[PDB]
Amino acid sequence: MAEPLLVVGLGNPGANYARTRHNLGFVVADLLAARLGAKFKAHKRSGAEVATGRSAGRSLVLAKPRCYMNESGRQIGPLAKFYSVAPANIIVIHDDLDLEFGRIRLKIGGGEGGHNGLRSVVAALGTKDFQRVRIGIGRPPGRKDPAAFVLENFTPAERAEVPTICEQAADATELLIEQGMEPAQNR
């Protein structure tokens, strides 16, 4: 445990995409960097922007991809390699379709819940054995393309709670870092 962590947050760049459902990992990652006094440095070498920090005594590397959601992995693969982090020491924060709105679960491995970003990372890291901070966004309402549901902005009802759900998410991420899946605790 003289080894560093990678905390990746999944999202699409662009002002109009910032507050969409598929951009929760970005906000949650933006929150953490802020908590650790970390500044996002453009990482030419892999493509994503990167902030470094320290939490519970552990080396942290935070990352947010600078391309579209679909090629996260083409930027997180070379980035993880750069800072030589094993896939088990990589935590990825993303919105989950299979989790009810507001629910935050923590898991290593498992599915990909139709998230095109998580798959892109699984492909680029080969294995699907990295950690996840899953943020429920709920299932789409009735007849509705999920791939467009996640590119829409949260309803005025929901967005009232998003700020508080992300704070709780950043808190789950911190707690995952100090313990393990001894967390998934009251998280």
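Superpose the two forms; the largest set of C-alphas matching within 1.5 Å is the rigid core. Residue numbers here begin at 1 and follow the sequence given.
For the pair 125-133 and 138-146, greater average C-alpha departure from the shown form in 6 other deposited structures of this protein after core alignment is found in 138-146. When 114-122 is weighed against 37-45, 37-45 comes out higher, by mean CA B-factor as recorded in the entry.
Taking the PDB entry as given, 76-84 carries the higher mean Cα B factor of the two stretches 89-97 and 76-84. The PDB entry gives the largest Cα B-factor of the residues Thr173, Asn16, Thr164, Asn23 to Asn16.
Per the PDB record, residue ranking by Cα B-factor puts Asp30 in the lowest third of the chain. The PDB entry assigns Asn70 a C-alpha temperature factor belonging to the highest third of its chain's modelled residues. Ranked against the other modelled residues of its chain, the C-alpha B-factor of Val8 as given in the entry falls in the lowest third. Looking at the C-alpha B-factors along this chain, the one for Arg132 belongs to the lowest third.
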